[PDB]
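Here is the structure we will look at, set down as structure tokens.
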Amino acid sequence: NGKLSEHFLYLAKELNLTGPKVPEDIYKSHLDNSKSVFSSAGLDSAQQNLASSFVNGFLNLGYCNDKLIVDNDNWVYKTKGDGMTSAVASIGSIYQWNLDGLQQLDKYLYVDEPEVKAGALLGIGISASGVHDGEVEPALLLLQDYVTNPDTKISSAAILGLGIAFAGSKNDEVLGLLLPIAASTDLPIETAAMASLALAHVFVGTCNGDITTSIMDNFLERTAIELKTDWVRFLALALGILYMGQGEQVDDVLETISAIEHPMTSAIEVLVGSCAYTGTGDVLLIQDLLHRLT
Amino acid sequence: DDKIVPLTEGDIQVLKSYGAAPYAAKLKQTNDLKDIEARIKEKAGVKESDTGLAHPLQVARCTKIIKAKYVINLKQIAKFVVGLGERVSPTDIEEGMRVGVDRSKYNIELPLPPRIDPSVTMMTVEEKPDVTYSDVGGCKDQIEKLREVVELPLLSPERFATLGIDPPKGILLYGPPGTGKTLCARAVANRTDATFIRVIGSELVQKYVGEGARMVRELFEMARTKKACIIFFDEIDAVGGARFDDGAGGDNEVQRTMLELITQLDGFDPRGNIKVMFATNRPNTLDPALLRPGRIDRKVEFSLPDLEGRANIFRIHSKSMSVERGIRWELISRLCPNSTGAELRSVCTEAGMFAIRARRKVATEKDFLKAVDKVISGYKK
Amino acid sequence: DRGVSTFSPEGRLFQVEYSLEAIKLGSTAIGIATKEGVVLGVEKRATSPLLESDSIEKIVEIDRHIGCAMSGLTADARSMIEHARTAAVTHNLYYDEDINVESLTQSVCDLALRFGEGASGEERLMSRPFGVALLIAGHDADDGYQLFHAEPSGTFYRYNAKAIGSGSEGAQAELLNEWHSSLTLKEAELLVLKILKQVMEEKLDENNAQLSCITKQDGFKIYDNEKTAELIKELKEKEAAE
């Protein structure tokens with residue numbers, strides 16, 4: 001957020017620009033200039049309403065169509081399961097990059113269900129997704145309050161929310177929340193499996209000696225349920241995102257990782273790509289990954 | 001230099017990784033059996049030919065079994081016919097792996113078709129064309145009959161039989177060639193998923209004799225193979241139409257190539273299933289034998305309706321372009337006389353550059369007016 | 001090439017058939033026969049601002065009791081116009097009276113087929129059909145007002161109203177609904193002028209359009225721009241109500 005000073009700057013001005021706010025409503029100018037069409041229909045059925053509620057979020061992601069969600073709530077409620085959440089995160093999708101998008105989300109943030117809870121959880125991480133603090137009022141950070149529970153769908157999309165929350169909002173807490181949940185190691189309950197991946201989404205591109213050690217303290221330990229290649233991988237690629245920063249890592253990391261072979265394994269082969277932000281346009285795409293196909 | 005070389009430095013080591021890498025699982029897997037199995041498997045198959053030293057096939061050499069050799073050579077070495085009496089071999093006459101009659105038939109079957117054809121079909125057929133509704137814009141009146149000529153009989157043959165009839169067994173298309181014309185054929189071809197034979201008369205007359213005759217047969221052959229197929233001729237004018245150029249005397253075969261086409265298409269060919277369709281500039285050129293019923297029944301222009309058809313056609317076309325929704329295609333269509341469901345793109349398609357010259361997303365009225373002017377003036381033809 | 005009197009394989013005359021093309025290429029011209037009178041209006045269709053629409057008349061007066069408008073290749077009519085006017089005068093010269101609009105009209109269409117190269121059966125010297133079609137409006141004691149559409153085919157019909165020229169057919173369809181016997185000269189003015197403005201490419205005005213009537217009392221009468229402009233403006237008012 002810088003300052004007004006002509007070196008740091010980031011005025012009170014860029015706030016609407018550099019972190020985007022108004023330009024999109026502005027783009028929504030030309031976006032209406034040259035446009036697409038409205039496919040949404042209340043359809044007949046919750047099986048049909050499942051996706052259709054997502055679509056208002058699909059079509060209107062970053063856009064406010066929310067009236068069809070705002071004014072038709074049960075369209076997102078008839079969606080149930082993690083499509084409940086989907087139809088809620090579609091609202092956050094609608095409300096992505098908002099000053100405050102908690103509105104419908106906090107409503108769905110809890111109704112009856114972790115899945116319902118999961119809705120805003122993901123959707124609120126979506127509110128400020130693409131930034132950290134949202135566009136004005138606090139919404140993404142407050143979400144860290146709602147994350148807290150070692151239970152299935154709550155953690156699930158809160159893990160989702162807080163992964164995308166804490167990209168750029170990065171926090172040890174969610175780890176220190178999920179790390180023991182990770183030590184608790186239950187995908188259908190603790191949900192910590194995918195959490196590590198959301199945890200991979202937190203400190204990205206940075207050395208966290210904790211997570212360096214933490215999953216070294218979990219994965220090596222094979223915390224709780226792990227037999228499956230699941231808690232292998234979920235933790236594997238968890239480390240692959242957060243660091244991947246170094247001159248010798250871009251090629252040294254994979255050297256020690258995708259060389260052997262495990263869950264954490266064949267995937268990370270290209271995760272060294274989405275790794276260091278210094279030296280893009282790398283060829284090892286085909287260069288290296290011809291081999292494992294051969 | 002230096003800093004760039006750092007990128008260049010990263011380039012070398014990165015490549016060395018795969019080089020180092022590739023060697024790794026290389027050690028692991030150690031490729032004979034993909035083939036050496038199949039090889040030795042089909043080496044039996046190979047040997048299954050190789051006994052007795054042995055879908056066009058052209059020539060089966062299934063060779064030198066004397067007791068017996070059970071093969072045809074159509075070839076200047078040892079021409080052969082298995083028949084003269086009841087002469088077969090239980091699955092397969094004999095060998096080459098080739099077993100069968102070559103192409104040229106001797107008795108029947110015998111070993112199921114070894115056949116058929118040399119030069120593939122030098123003519124080539126796209127089935128289920130890329131056009132279903134593609135140029136079908138504005139083309140209705142034609143297709144309206146085409147569907148009758150083609151679509152419905154392909155759809156519900158029974159009705160015509162229920163009536164006691166067939167579809168029009170052959171049909172003419174004329175006006176600007178292939179313009180949507182062939183594609184429009186291709187349209188209902190892919191509308192009905194019938195086999196659409198695009199054969200141009202250009203293909204028909206070549207360096208040699210019986211040329212299209214050979215083809216037209218193979219055509220008419222694989223017509224019945226491809227049955228429920230559209231034989232389609234653009235350039236009936238290629239072979240020409242009715243003419244006395246046999247009075248000159250060189251054209252005769254070219255003339256016959258038609259008469260070929262004429263003769264064979266007449267008697268035995270099912271045209272309720274095998275569709276025959278003709279495209280020309282000049283219907284005036286027809287050899288009347290073509291225009292004969294039971295050969296050509298329906299006769300149709302491509303065509304060029306009114307202000308109205310064009311609008312839709314325009315409206316149809318411009319949907320590709322970013323187009324000003326205020327201005328009316330009716331407005332534009334008023335101005336232009338009647339012209340082709342190809343040319344009507346010059347209306348739209350040219351305006352894109354207008355739209356780019358005017359740097360519009362959406363071309364203005366004048367953008368098309370000019371185009372109307374520009375193009376039509378630019379004709380002077 | 002091919003003969004000029006050559007019949008279509010359907011028995012039609014190509015040149016005549018083609019003559020109908022330039023007919024539609026002619027400016028859209030419209031008139032309405034009423035009991036009150038016959039309104040005429042036509043498309044000036046100036047090709048340039050420097051072109052003074054004053055010198056554009058596709059509306060012409062054959063005589064007081066009979067006049068006509070042209071749509072097509074215009075100066076072809078000059079002969080016909082000169083021919084037509086003569087006949088009425090000639091008629092009047094012989095018959096000391098006005099000519100039946102039809103009688104004149106019928107006479108005129110006899111010019112149609114007179115093109116031919118040394119044609120068989122007569123000597124009719126012209127190369128081609130006329131490149132123009134004619135709305136013909138006259139009031140006669142017998143038939144009152146009438147509106148006939150002359151054609152290079154030599155065929156003509158009576159018309160309640162008629163739209164010829166470029167935007168004819170659509171305007172024609174308009175006439176189909178809009179017309180009724182009880183229409184008034186003014187209404188017909190309005191109707192034509194509106195439907196003109198409808199079919200007209202340019203914004204209708206007194207300058208890019210032209211008006212006139214034929215009224216049993218006054219016979220053929222042209223409308224000036226100003227009266228035109230009023231009716232225009234009047235329509236603009238009337239056209240904008242709901």
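Residue numbers start at 1 in each chain; chains themselves are named A, B, ... in the order of the structure tokens; ligands are numbered from 1 in the order shown.
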Problem - All alpha helix (DSSP H) positions in stretch 110-209 of chain A, as an MDAnalysis selection string - result: chainID A and resid 114:127 140:146 152:166 172:184 192:200 209
Exercise for the section: Find the residues near residue A:282: any atom within 10 Å, counting only C-alpha atoms, skip ones fewer than 4 places away on the same chain, and give them as a PyMOL selection string. Expected result: (chain A and resi 250+273+286-287) or (chain B and resi 7+10-11+14)
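Contacts from chain B to chain A at a cut-off of 10 Å (only C-alpha atoms) map to residues 6, 7, 10, 11, 13, 14, 15, 16, 17, 18, 19, 20, 21, 22, 23, 24, 25, 26, 29, 322, 361 and 362 of chain B.
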Name the residues in contact with residue A:13 at a cut-off of 10 Å, using only C-alpha atoms, excluding same-chain residues fewer than 5 positions from it; report them as a JSON list (two decimals) with C-alpha atoms, in the first residue's frame.
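In the end it all went to selection-v1.json:
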[["chain", "number", "residue", "atom", "x", "y", "z"],
["A", 1, "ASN", "CA", 0.00, 0.00, 0.00],
["A", 3, "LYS", "CA", 2.57, 5.83, 0.50],
["A", 4, "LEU", "CA", 2.21, 9.07, -1.36],
["A", 18, "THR", "CA", -2.78, -1.57, -8.67]]
Handout entry: Test item: residues at most 7 Å from stretch 128-144 of chain C, only C-alpha atoms, excluding those fewer than 5 positions along its chain, as a PyMOL selection string
Key = chain C and resi 15-16+19+22-23+38+65-74+76-77+100-101+112-113+115-116+149-152+214-216+219
Residues from the last selection, C-alpha atoms, saved as an mmCIF file, in the first residue's frame:
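Saved result, selection-v5.cif, follows:
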data_model
loop_
_atom_site.group_PDB
_atom_site.id
_atom_site.type_symbol
_atom_site.label_atom_id
_atom_site.label_comp_id
_atom_site.auth_asym_id
_atom_site.auth_seq_id
_atom_site.Cartn_x
_atom_site.Cartn_y
_atom_site.Cartn_z
ATOM 1 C CA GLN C 15 -34.962 -8.261 -72.938
ATOM 2 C CA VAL C 16 -38.448 -7.626 -71.617
ATOM 3 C CA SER C 19 -36.099 -4.663 -68.820
ATOM 4 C CA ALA C 22 -33.766 -1.698 -64.574
ATOM 5 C CA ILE C 23 -37.373 -1.106 -63.594
ATOM 6 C CA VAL C 38 -54.733 10.537 -56.930
ATOM 7 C CA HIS C 65 -56.840 15.421 -66.548
ATOM 8 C CA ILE C 66 -54.021 12.901 -67.036
ATOM 9 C CA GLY C 67 -50.456 12.735 -65.777
ATOM 10 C CA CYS C 68 -47.963 10.066 -64.888
ATOM 11 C CA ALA C 69 -44.788 9.240 -63.045
ATOM 12 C CA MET C 70 -41.804 7.202 -64.150
ATOM 13 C CA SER C 71 -39.576 4.690 -62.456
ATOM 14 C CA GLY C 72 -36.816 3.187 -64.533
ATOM 15 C CA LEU C 73 -34.416 4.592 -67.091
ATOM 16 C CA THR C 74 -35.989 7.973 -67.289
ATOM 17 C CA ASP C 76 -36.792 6.599 -72.376
ATOM 18 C CA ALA C 77 -40.134 7.978 -71.234
ATOM 19 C CA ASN C 100 -60.109 8.095 -71.149
ATOM 20 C CA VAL C 101 -57.101 7.567 -68.933
ATOM 21 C CA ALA C 112 -43.772 -1.383 -75.656
ATOM 22 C CA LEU C 113 -43.016 -4.148 -78.117
ATOM 23 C CA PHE C 115 -38.428 -2.622 -80.497
ATOM 24 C CA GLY C 116 -37.045 -5.114 -82.952
ATOM 25 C CA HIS C 149 -48.986 0.772 -63.869
ATOM 26 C CA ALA C 150 -47.571 0.895 -67.377
ATOM 27 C CA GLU C 151 -45.004 -1.694 -68.173
ATOM 28 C CA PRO C 152 -42.402 -2.342 -70.856
ATOM 29 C CA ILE C 214 -54.376 14.720 -59.953
ATOM 30 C CA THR C 215 -57.789 16.025 -58.941
ATOM 31 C CA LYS C 216 -60.904 15.921 -61.091
ATOM 32 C CA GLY C 219 -56.657 17.683 -62.794
#
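Distance check against residue B:138 using only C-alpha atoms: of B:295, B:334, B:256, B:310, the minimum falls on B:310.
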Using only C-alpha atoms, I'd like every residue of chain B that has an atom within 12 Å of chain C; please write them out as a PDB file with N, CA and C atoms, in the first residue's frame.
ATOM      1  N   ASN B 284     -27.340 -24.766 -69.427  1.00  0.00           N
ATOM      2  CA  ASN B 284     -27.581 -24.721 -70.858  1.00  0.00           C
ATOM      3  C   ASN B 284     -26.650 -25.663 -71.606  1.00  0.00           C
ATOM      4  N   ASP B 306     -33.700 -12.106 -53.215  1.00  0.00           N
ATOM      5  CA  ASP B 306     -34.213 -10.762 -53.052  1.00  0.00           C
ATOM      6  C   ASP B 306     -33.408  -9.963 -52.041  1.00  0.00           C
ATOM      7  N   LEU B 307     -33.857  -8.728 -51.813  1.00  0.00           N
ATOM      8  CA  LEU B 307     -33.379  -7.956 -50.678  1.00  0.00           C
ATOM      9  C   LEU B 307     -33.435  -8.800 -49.413  1.00  0.00           C
ATOM     10  N   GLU B 308     -34.546  -9.505 -49.219  1.00  0.00           N
ATOM     11  CA  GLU B 308     -34.819 -10.175 -47.956  1.00  0.00           C
ATOM     12  C   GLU B 308     -33.852 -11.313 -47.691  1.00  0.00           C
ATOM     13  N   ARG B 328     -29.162  -1.605 -39.952  1.00  0.00           N
ATOM     14  CA  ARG B 328     -29.950  -2.734 -40.400  1.00  0.00           C
ATOM     15  C   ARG B 328     -29.300  -3.389 -41.598  1.00  0.00           C
ATOM     16  N   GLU B 330     -31.235  -5.004 -43.408  1.00  0.00           N
ATOM     17  CA  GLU B 330     -32.255  -4.565 -44.342  1.00  0.00           C
ATOM     18  C   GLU B 330     -31.811  -3.303 -45.055  1.00  0.00           C
ATOM     19  N   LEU B 331     -31.285  -2.342 -44.299  1.00  0.00           N
ATOM     20  CA  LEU B 331     -30.746  -1.137 -44.911  1.00  0.00           C
ATOM     21  C   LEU B 331     -29.739  -1.488 -45.986  1.00  0.00           C
ATOM     22  N   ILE B 332     -28.709  -2.242 -45.612  1.00  0.00           N
ATOM     23  CA  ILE B 332     -27.714  -2.647 -46.588  1.00  0.00           C
ATOM     24  C   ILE B 332     -28.356  -3.426 -47.713  1.00  0.00           C
ATOM     25  N   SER B 333     -29.165  -4.424 -47.375  1.00  0.00           N
ATOM     26  CA  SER B 333     -29.725  -5.299 -48.388  1.00  0.00           C
ATOM     27  C   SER B 333     -30.545  -4.538 -49.408  1.00  0.00           C
ATOM     28  N   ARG B 334     -31.263  -3.508 -48.969  1.00  0.00           N
ATOM     29  CA  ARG B 334     -31.961  -2.638 -49.901  1.00  0.00           C
ATOM     30  C   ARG B 334     -31.048  -2.227 -51.040  1.00  0.00           C
ATOM     31  N   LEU B 335     -29.853  -1.754 -50.700  1.00  0.00           N
ATOM     32  CA  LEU B 335     -28.995  -1.130 -51.695  1.00  0.00           C
ATOM     33  C   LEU B 335     -28.557  -2.130 -52.749  1.00  0.00           C
ATOM     34  N   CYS B 336     -28.026  -3.257 -52.321  1.00  0.00           N
ATOM     35  CA  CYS B 336     -27.413  -4.169 -53.265  1.00  0.00           C
ATOM     36  C   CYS B 336     -28.481  -4.837 -54.122  1.00  0.00           C
ATOM     37  N   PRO B 337     -28.197  -5.086 -55.395  1.00  0.00           N
ATOM     38  CA  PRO B 337     -29.063  -5.969 -56.179  1.00  0.00           C
ATOM     39  C   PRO B 337     -28.896  -7.393 -55.706  1.00  0.00           C
ATOM     40  N   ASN B 338     -29.462  -8.342 -56.429  1.00  0.00           N
ATOM     41  CA  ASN B 338     -29.343  -9.719 -55.990  1.00  0.00           C
ATOM     42  C   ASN B 338     -28.012 -10.297 -56.444  1.00  0.00           C
ATOM     43  N   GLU B 365     -22.893   1.437 -40.917  1.00  0.00           N
ATOM     44  CA  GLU B 365     -23.685   1.324 -42.130  1.00  0.00           C
ATOM     45  C   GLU B 365     -22.824   1.593 -43.352  1.00  0.00           C
ATOM     46  N   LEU B 369     -22.040   0.061 -46.734  1.00  0.00           N
ATOM     47  CA  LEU B 369     -22.385   0.819 -47.928  1.00  0.00           C
ATOM     48  C   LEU B 369     -21.185   0.943 -48.844  1.00  0.00           C
TER      49      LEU B 369
END
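Going from atom CA of residue B:372 to atom CA of residue B:350 covers 9.0 Å.
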Exercise for the section: Name the residues of stretch 224-340 of chain B that come out as strand (DSSP E or B) in a backbone DSSP run; write them as a ChimeraX atom specification. Expected result: /B:229-234,275-279,298-299,323
Create the file for the chosen residues now, containing C-alpha atoms and written as an mmCIF file, in the first residue's frame.
data_model
loop_
_atom_site.group_PDB
_atom_site.id
_atom_site.type_symbol
_atom_site.label_atom_id
_atom_site.label_comp_id
_atom_site.auth_asym_id
_atom_site.auth_seq_id
_atom_site.Cartn_x
_atom_site.Cartn_y
_atom_site.Cartn_z
ATOM 1 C CA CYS B 229 -23.997 -42.145 -50.829
ATOM 2 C CA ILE B 230 -24.007 -38.836 -52.641
ATOM 3 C CA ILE B 231 -22.252 -38.942 -55.951
ATOM 4 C CA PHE B 232 -21.649 -35.273 -56.516
ATOM 5 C CA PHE B 233 -20.294 -33.645 -59.638
ATOM 6 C CA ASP B 234 -19.195 -30.114 -59.716
ATOM 7 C CA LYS B 275 -27.338 -39.901 -54.665
ATOM 8 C CA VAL B 276 -26.250 -38.258 -57.882
ATOM 9 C CA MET B 277 -25.831 -34.514 -57.919
ATOM 10 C CA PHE B 278 -24.510 -32.086 -60.503
ATOM 11 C CA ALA B 279 -23.065 -28.593 -60.234
ATOM 12 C CA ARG B 298 -34.993 -32.566 -60.134
ATOM 13 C CA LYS B 299 -33.328 -29.482 -61.616
ATOM 14 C CA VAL B 323 -21.208 -5.650 -36.119
#
Exercise for the section: To one decimal in Å, tell me the separation between atom CA of residue C:221 and atom CA of residue C:111. Expected result: 26.0 Å
